[PDB]
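Asker: My questions will all concern the structure given below.
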Amino acid sequence: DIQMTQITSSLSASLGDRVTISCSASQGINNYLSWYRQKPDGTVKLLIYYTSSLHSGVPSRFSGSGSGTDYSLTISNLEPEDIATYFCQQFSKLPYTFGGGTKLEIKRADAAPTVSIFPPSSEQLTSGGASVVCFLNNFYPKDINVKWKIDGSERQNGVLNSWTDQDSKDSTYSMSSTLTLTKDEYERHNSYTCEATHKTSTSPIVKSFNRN
Amino acid sequence: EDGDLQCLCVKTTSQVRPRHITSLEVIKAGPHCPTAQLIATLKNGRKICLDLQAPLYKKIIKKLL
Amino acid sequence: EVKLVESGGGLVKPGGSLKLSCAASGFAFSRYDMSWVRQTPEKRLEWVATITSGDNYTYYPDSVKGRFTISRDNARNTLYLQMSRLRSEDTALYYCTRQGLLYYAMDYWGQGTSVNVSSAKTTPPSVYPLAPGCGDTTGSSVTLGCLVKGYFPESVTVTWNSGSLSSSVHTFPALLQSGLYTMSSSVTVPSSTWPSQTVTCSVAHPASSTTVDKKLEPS
């Protein structure tokens, strides 16, 4: 098997820019690489074959390049139809392997998250469960980190974090941290805190509540 | 590099006298040879691989495919 | 256009069977190598099968040999992928594709027929309202939400006030916990206009034929 390594999971590029998107290969393929683009929803379509020959109906700004184990796709003057994920395949030998994919997102001036914390509702406590929720909304960049602290000592046990796509409206990410807990051991503690480390400040932003 | 099987036509020439070529085989692209190829077979008996980068190529795409 | 319609995708129980179909249109189907590729939920792409157009062979990767069986019917212009002994891992979106001709990459891909694969039976959602308890920090905007626990299959579509306050809303992707789906949705409004105004989250989950409204009551 050939490990096809697309090093940047996602990457930030303002509109009208020049973008390079690298795809490295575990072993030598004989520039028998491809490039694919997947619209956030839509089908995927072949962009470049060989290493640099463009497929029919592909814009001129797309140009492939490389040799041996290293290859690049590159897009001059980026257009908003290109905000998508990109994949490199190789077809030099079986089994055919793809890249991890590179997601393309649009750079804005990094903003901090508006953090809101919520205790588990009465309706759910009746059911016999307890989910403490923490919303971290409208921030940039996607890079964010969360600490859950019950009575001042952290817990990474029943946590679940779900991030949104980049907001089409205003280019800001938002995430949701759910702390699922047995309803009895929820009542064995009082202080519930949700910390959030982000690029926008050194020490974290903290939202909390007590039971009383 | 643990040598897998290869294409019969790894390298090619545009430079050949068509007067010599008695025949012409074309084979598709495959899992055992990523690029397609075509094998011109000469009067004396040799076979040669001709370039698909040159405009010897528009008589391929249509030809077999 | 070269077009590739796909079908037969659905929910199947582990250790089951299913036959995917891919209808071809816009080319000499018999003289083209055809393949199947799948996209994991994780997201990544994965080669699954290929078949030589000189009728000949089939090629699969190690992860699905013997379980999967690619096959064509040039008469019908249709490509089948016969799956059996399915697993958790095989849960993915399955594209049929066209290799071929000069350089052997997949030049055309279909829309994609989906294959969700799990043992869970349809379940409507519990819906719990999310409102700020006790501490009266208020401030000049206020954020609220709706937790949607314990449902299947994923397909729920949470809307607010019949999409009245639809700007300043964030619906989060559903994670799968304990065999059932869980998602949430937040909404932000001017602080003044909440406690007085009606604020209802409507959680439609057409799979279980359900719609669960919930007004957000203060504390």
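Here, A, B, ... name the chains of the structure tokens in the order displayed, residue numbers run from 1 inside each chain, and ligands are numbered from 1 in the same displayed order.
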I want to know what sits within 12 Å of residue 194 in chain C, based on only C-alpha atoms, with residues of the same chain fewer than 3 positions away left out; could you give that as an MDAnalysis selection string?
Answerer: chainID C and resid 131:132 138 140:144 165 187:191 197:200 215:218
Asker: Any idea which chain B residues end up within 12 Å of chain C if we count only C-alpha atoms, as a PyMOL selection string please?
Answerer: chain B and resi 26-38+51-53+57-58+60-65
Asker: Dump N, CA and C atoms for the selected residues as a PDB file, in the first residue's frame?
Answerer:
ATOM      1  N   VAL B  26      -2.676  -0.703 -30.333  1.00  0.00           N
ATOM      2  CA  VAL B  26      -2.988   0.245 -29.267  1.00  0.00           C
ATOM      3  C   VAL B  26      -3.590  -0.496 -28.105  1.00  0.00           C
ATOM      4  N   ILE B  27      -3.130  -0.175 -26.903  1.00  0.00           N
ATOM      5  CA  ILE B  27      -3.716  -0.746 -25.701  1.00  0.00           C
ATOM      6  C   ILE B  27      -4.071   0.360 -24.713  1.00  0.00           C
ATOM      7  N   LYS B  28      -5.185   0.144 -24.015  1.00  0.00           N
ATOM      8  CA  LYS B  28      -5.786   1.151 -23.148  1.00  0.00           C
ATOM      9  C   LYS B  28      -4.860   1.383 -21.989  1.00  0.00           C
ATOM     10  N   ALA B  29      -5.299   2.242 -21.087  1.00  0.00           N
ATOM     11  CA  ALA B  29      -4.674   2.336 -19.791  1.00  0.00           C
ATOM     12  C   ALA B  29      -5.223   1.193 -18.964  1.00  0.00           C
ATOM     13  N   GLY B  30      -4.432   0.726 -18.010  1.00  0.00           N
ATOM     14  CA  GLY B  30      -4.836  -0.375 -17.142  1.00  0.00           C
ATOM     15  C   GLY B  30      -4.241  -0.263 -15.749  1.00  0.00           C
ATOM     16  N   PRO B  31      -4.626  -1.177 -14.849  1.00  0.00           N
ATOM     17  CA  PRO B  31      -4.041  -1.222 -13.521  1.00  0.00           C
ATOM     18  C   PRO B  31      -2.588  -1.695 -13.530  1.00  0.00           C
ATOM     19  N   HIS B  32      -2.167  -2.343 -14.610  1.00  0.00           N
ATOM     20  CA  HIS B  32      -0.786  -2.777 -14.745  1.00  0.00           C
ATOM     21  C   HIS B  32       0.032  -1.880 -15.657  1.00  0.00           C
ATOM     22  N   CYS B  33      -0.604  -0.864 -16.231  1.00  0.00           N
ATOM     23  CA  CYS B  33       0.124   0.200 -16.899  1.00  0.00           C
ATOM     24  C   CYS B  33      -0.729   1.462 -16.930  1.00  0.00           C
ATOM     25  N   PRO B  34      -0.471   2.395 -16.003  1.00  0.00           N
ATOM     26  CA  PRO B  34      -1.290   3.597 -15.842  1.00  0.00           C
ATOM     27  C   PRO B  34      -1.496   4.402 -17.119  1.00  0.00           C
ATOM     28  N   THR B  35      -0.428   4.752 -17.827  1.00  0.00           N
ATOM     29  CA  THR B  35      -0.587   5.411 -19.128  1.00  0.00           C
ATOM     30  C   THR B  35      -0.970   4.385 -20.185  1.00  0.00           C
ATOM     31  N   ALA B  36      -1.723   4.824 -21.186  1.00  0.00           N
ATOM     32  CA  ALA B  36      -1.972   3.996 -22.357  1.00  0.00           C
ATOM     33  C   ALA B  36      -0.758   4.099 -23.246  1.00  0.00           C
ATOM     34  N   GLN B  37      -0.685   3.213 -24.227  1.00  0.00           N
ATOM     35  CA  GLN B  37       0.488   3.128 -25.085  1.00  0.00           C
ATOM     36  C   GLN B  37       0.016   2.755 -26.469  1.00  0.00           C
ATOM     37  N   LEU B  38       0.900   2.901 -27.448  1.00  0.00           N
ATOM     38  CA  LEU B  38       0.687   2.268 -28.743  1.00  0.00           C
ATOM     39  C   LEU B  38       2.009   1.838 -29.361  1.00  0.00           C
ATOM     40  N   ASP B  51       5.100   8.655 -28.889  1.00  0.00           N
ATOM     41  CA  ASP B  51       4.710   9.600 -27.867  1.00  0.00           C
ATOM     42  C   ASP B  51       3.237   9.966 -27.986  1.00  0.00           C
ATOM     43  N   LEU B  52       2.564  10.026 -26.846  1.00  0.00           N
ATOM     44  CA  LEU B  52       1.187  10.472 -26.790  1.00  0.00           C
ATOM     45  C   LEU B  52       1.131  11.968 -26.453  1.00  0.00           C
ATOM     46  N   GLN B  53       2.272  12.553 -26.088  1.00  0.00           N
ATOM     47  CA  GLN B  53       2.357  13.999 -25.875  1.00  0.00           C
ATOM     48  C   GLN B  53       2.357  14.744 -27.200  1.00  0.00           C
ATOM     49  N   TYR B  57      -1.281  11.694 -30.985  1.00  0.00           N
ATOM     50  CA  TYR B  57      -2.184  11.300 -29.899  1.00  0.00           C
ATOM     51  C   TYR B  57      -3.655  11.466 -30.232  1.00  0.00           C
ATOM     52  N   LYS B  58      -3.975  12.365 -31.159  1.00  0.00           N
ATOM     53  CA  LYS B  58      -5.381  12.598 -31.512  1.00  0.00           C
ATOM     54  C   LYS B  58      -5.926  11.483 -32.412  1.00  0.00           C
ATOM     55  N   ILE B  60      -5.410   8.484 -31.396  1.00  0.00           N
ATOM     56  CA  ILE B  60      -5.562   7.445 -30.372  1.00  0.00           C
ATOM     57  C   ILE B  60      -6.929   7.589 -29.718  1.00  0.00           C
ATOM     58  N   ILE B  61      -7.126   8.733 -29.057  1.00  0.00           N
ATOM     59  CA  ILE B  61      -8.348   9.025 -28.307  1.00  0.00           C
ATOM     60  C   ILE B  61      -9.581   8.592 -29.095  1.00  0.00           C
ATOM     61  N   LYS B  62      -9.628   8.998 -30.355  1.00  0.00           N
ATOM     62  CA  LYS B  62     -10.667   8.595 -31.286  1.00  0.00           C
ATOM     63  C   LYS B  62     -10.545   7.130 -31.679  1.00  0.00           C
ATOM     64  N   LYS B  63      -9.333   6.720 -32.038  1.00  0.00           N
ATOM     65  CA  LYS B  63      -9.086   5.378 -32.572  1.00  0.00           C
ATOM     66  C   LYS B  63      -9.714   4.242 -31.767  1.00  0.00           C
ATOM     67  N   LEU B  64      -9.151   3.951 -30.609  1.00  0.00           N
ATOM     68  CA  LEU B  64      -9.614   2.817 -29.822  1.00  0.00           C
ATOM     69  C   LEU B  64     -10.814   3.213 -28.984  1.00  0.00           C
ATOM     70  N   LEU B  65     -10.861   4.487 -28.617  1.00  0.00           N
ATOM     71  CA  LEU B  65     -11.707   4.933 -27.529  1.00  0.00           C
ATOM     72  C   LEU B  65     -12.680   6.019 -27.982  1.00  0.00           C
TER      73      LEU B  65
END
Asker: List as a PyMOL selection string the protein and nucleic acid residues near residue 97 in chain C, meaning an atom at most 9 Å away when only C-alpha atoms are counted, but skip any in the same chain fewer than 2 places from it.
Answerer: chain C and resi 4+22+34-37+95+99+106-110
Asker: Please, which residues of chain A lie no more than 6 Å from chain C when the count uses only C-alpha atoms, and can they be set out as a PyMOL selection string?
Answerer: chain A and resi 43+46+95-96+100+118+164
Asker: Residues as selected, N, CA and C atoms, written as a PDB file, in the first residue's frame, can you do that?
Answerer:
ATOM      1  N   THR A  43     -21.206  16.302  -5.880  1.00  0.00           N
ATOM      2  CA  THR A  43     -20.339  15.243  -6.337  1.00  0.00           C
ATOM      3  C   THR A  43     -18.876  15.706  -6.281  1.00  0.00           C
ATOM      4  N   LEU A  46     -13.018  15.312 -11.362  1.00  0.00           N
ATOM      5  CA  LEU A  46     -11.604  15.204 -11.669  1.00  0.00           C
ATOM      6  C   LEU A  46     -11.070  16.548 -12.109  1.00  0.00           C
ATOM      7  N   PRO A  95      -3.002  -1.270  -4.307  1.00  0.00           N
ATOM      8  CA  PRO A  95      -4.383  -0.822  -4.289  1.00  0.00           C
ATOM      9  C   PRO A  95      -4.403   0.687  -4.424  1.00  0.00           C
ATOM     10  N   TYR A  96      -5.421   1.215  -5.092  1.00  0.00           N
ATOM     11  CA  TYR A  96      -5.502   2.649  -5.315  1.00  0.00           C
ATOM     12  C   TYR A  96      -5.801   3.341  -3.997  1.00  0.00           C
ATOM     13  N   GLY A 100      -5.628  12.225   2.480  1.00  0.00           N
ATOM     14  CA  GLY A 100      -6.514  12.543   3.599  1.00  0.00           C
ATOM     15  C   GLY A 100      -7.503  13.647   3.262  1.00  0.00           C
ATOM     16  N   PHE A 118     -24.916  25.855  30.191  1.00  0.00           N
ATOM     17  CA  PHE A 118     -26.290  25.490  30.517  1.00  0.00           C
ATOM     18  C   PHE A 118     -26.346  24.272  31.432  1.00  0.00           C
ATOM     19  N   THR A 164     -19.025  23.060  13.942  1.00  0.00           N
ATOM     20  CA  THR A 164     -19.812  23.355  12.743  1.00  0.00           C
ATOM     21  C   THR A 164     -18.900  23.546  11.548  1.00  0.00           C
TER      22      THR A 164
END
Asker: Take CA of residue 85 in chain A and CA of residue 92 in chain C and report the distance between them in Å, one decimal.
Answerer: 17.4 Å
Asker: As an exercise, work out the distance from CA of residue 144 in chain A to CA of residue 160 in chain A in Å and give it to one decimal place.
Answerer: 14.0 Å
Asker: Do you know which residues are at most 10 Å from residue 62 in chain A counting only C-alpha atoms, after dropping those on the same chain fewer than 3 positions away, and could you put them as a ChimeraX atom specification?
Answerer: /A:19,47-48,52-54,58-59,73-78
Asker: Could you turn the residues from that selection into a file that holds C-alpha atoms, as a JSON list (two decimals), in the first residue's frame?
Answerer:
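New file again24.json:
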[["chain", "number", "residue", "atom", "x", "y", "z"],
["A", 19, "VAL", "CA", -3.10, 28.65, -3.12],
["A", 47, "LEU", "CA", -9.39, 18.25, -11.74],
["A", 48, "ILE", "CA", -5.94, 17.13, -12.87],
["A", 52, "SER", "CA", -0.28, 18.34, -14.37],
["A", 53, "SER", "CA", -2.59, 17.61, -17.35],
["A", 54, "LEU", "CA", -5.95, 19.26, -16.71],
["A", 58, "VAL", "CA", -11.41, 22.73, -15.84],
["A", 59, "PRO", "CA", -10.47, 26.41, -15.43],
["A", 73, "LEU", "CA", -1.91, 21.40, -7.00],
["A", 74, "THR", "CA", -2.04, 25.16, -7.19],
["A", 75, "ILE", "CA", -4.84, 27.64, -7.80],
["A", 76, "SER", "CA", -4.07, 31.20, -8.92],
["A", 77, "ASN", "CA", -6.67, 33.91, -8.09],
["A", 78, "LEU", "CA", -8.94, 31.78, -5.88]]
Asker: May I have the residues within 8 Å of residue 14 in chain B as a PDB file with N, CA and C atoms, in the first residue's frame, using only C-alpha atoms and disregarding those fewer than 5 positions away in the same chain?
Answerer:
ATOM      1  N   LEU B  50       5.517   5.133 -29.316  1.00  0.00           N
ATOM      2  CA  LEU B  50       5.478   6.484 -29.824  1.00  0.00           C
ATOM      3  C   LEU B  50       4.733   7.381 -28.862  1.00  0.00           C
ATOM      4  N   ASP B  51       5.100   8.655 -28.889  1.00  0.00           N
ATOM      5  CA  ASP B  51       4.710   9.600 -27.867  1.00  0.00           C
ATOM      6  C   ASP B  51       3.237   9.966 -27.986  1.00  0.00           C
ATOM      7  N   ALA B  54       2.926  14.132 -28.237  1.00  0.00           N
ATOM      8  CA  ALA B  54       2.896  14.715 -29.575  1.00  0.00           C
ATOM      9  C   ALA B  54       1.504  14.552 -30.169  1.00  0.00           C
ATOM     10  N   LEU B  56       0.624  12.767 -32.494  1.00  0.00           N
ATOM     11  CA  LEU B  56       0.352  11.362 -32.799  1.00  0.00           C
ATOM     12  C   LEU B  56      -0.757  10.824 -31.860  1.00  0.00           C
TER      13      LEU B  56
END
Asker: From the options A:45, A:37, A:147, A:18, which residue's atoms come nearest to residue 2 in chain C, counting only C-alpha atoms?
Answerer: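 Nearest candidate to residue 2 in chain C out of A:45, A:37, A:147, A:18: A:45.
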Asker: Please compute the CA of residue 205 in chain C-CA of residue 151 in chain C distance, one decimal, in Å.
Answerer: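 Result for CA of residue 205 in chain C versus CA of residue 151 in chain C: 8.6 Å, one decimal.
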Asker: Can you work out which one of A:49, A:32, A:135, A:186 has the shortest atom-to-atom distance to chain B, counting only C-alpha atoms?
Answerer: A:32
Asker: Going by DSSP on the backbone, which residues of range 15-218 of chain C come out as strand (DSSP E)? List them as a PyMOL selection string.
Answerer: chain C and resi 17-25+34-39+45-51+58-59+69-73+78-84+92-98+108-109+113-115+126-130+141-151+157-160+169-171+175-177+180-190+200-205+210-215
Asker: Report as an mmCIF file with N, CA and C atoms, in the first residue's frame all protein, DNA and RNA residues lying within 9 Å of residue 20 in chain B, evaluated on only C-alpha atoms, omitting residues in the same chain fewer than 6 positions from it.
Answerer:
data_model
loop_
_atom_site.group_PDB
_atom_site.id
_atom_site.type_symbol
_atom_site.label_atom_id
_atom_site.label_comp_id
_atom_site.auth_asym_id
_atom_site.auth_seq_id
_atom_site.Cartn_x
_atom_site.Cartn_y
_atom_site.Cartn_z
ATOM 1 N N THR B 41 4.840 -1.319 -35.165
ATOM 2 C CA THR B 41 5.657 -2.479 -35.500
ATOM 3 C C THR B 41 6.227 -2.246 -36.904
ATOM 4 N N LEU B 42 7.547 -2.309 -37.038
ATOM 5 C CA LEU B 42 8.231 -1.858 -38.257
ATOM 6 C C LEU B 42 8.379 -2.953 -39.326
ATOM 7 N N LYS B 43 8.965 -2.593 -40.468
ATOM 8 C CA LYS B 43 9.109 -3.531 -41.580
ATOM 9 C C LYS B 43 10.048 -4.662 -41.236
ATOM 10 N N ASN B 44 11.194 -4.313 -40.666
ATOM 11 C CA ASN B 44 12.213 -5.305 -40.334
ATOM 12 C C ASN B 44 11.838 -6.203 -39.150
#
Asker: Please report as a CSV table (one decimal) with N, CA, C and O atoms, in the first residue's frame which residues of chain A come no farther than 9 Å from chain B, using only C-alpha atoms.
Answerer:
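Produced file part.csv, reproduced below:
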chain,number,residue,atom,x,y,z
A,27,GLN,N,5.9,6.2,-1.3
A,27,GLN,CA,6.9,5.7,-2.2
A,27,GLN,C,6.8,6.4,-3.6
A,27,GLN,O,5.8,7.1,-3.8
A,28,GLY,N,7.8,6.2,-4.5
A,28,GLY,CA,7.7,6.8,-5.8
A,28,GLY,C,6.6,6.3,-6.6
A,28,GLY,O,6.5,5.1,-6.8
A,32,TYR,N,1.9,9.6,-11.6
A,32,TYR,CA,0.6,9.0,-12.0
A,32,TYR,C,-0.4,9.4,-10.9
A,32,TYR,O,-1.3,8.6,-10.5
A,50,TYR,N,-2.6,12.6,-14.6
A,50,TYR,CA,-1.1,12.5,-14.7
A,50,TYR,C,-0.5,13.2,-13.5
A,50,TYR,O,-0.5,12.7,-12.4
A,91,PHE,N,-2.4,6.4,-9.1
A,91,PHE,CA,-2.9,5.2,-9.8
A,91,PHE,C,-1.8,4.4,-10.4
A,91,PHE,O,-2.0,3.7,-11.4
A,92,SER,N,-0.6,4.5,-9.8
A,92,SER,CA,0.6,3.8,-10.3
A,92,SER,C,0.5,2.3,-10.1
A,92,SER,O,0.7,1.5,-11.0
A,93,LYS,N,0.0,2.0,-8.9
A,93,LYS,CA,-0.3,0.6,-8.7
A,93,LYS,C,-1.4,0.3,-7.7
A,93,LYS,O,-1.7,1.2,-6.9
A,94,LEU,N,-1.9,-0.9,-7.7
A,94,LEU,CA,-2.9,-1.3,-6.8
A,94,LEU,C,-2.2,-1.5,-5.4
A,94,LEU,O,-1.1,-1.8,-5.3
Asker: Please provide as an MDAnalysis selection string all residues within 7 Å of residue 93 in chain C, with the sequence filter that same-chain residues fewer than 6 positions apart are discarded (counting only C-alpha atoms).
Answerer: chainID C and resid 38:40 112:115
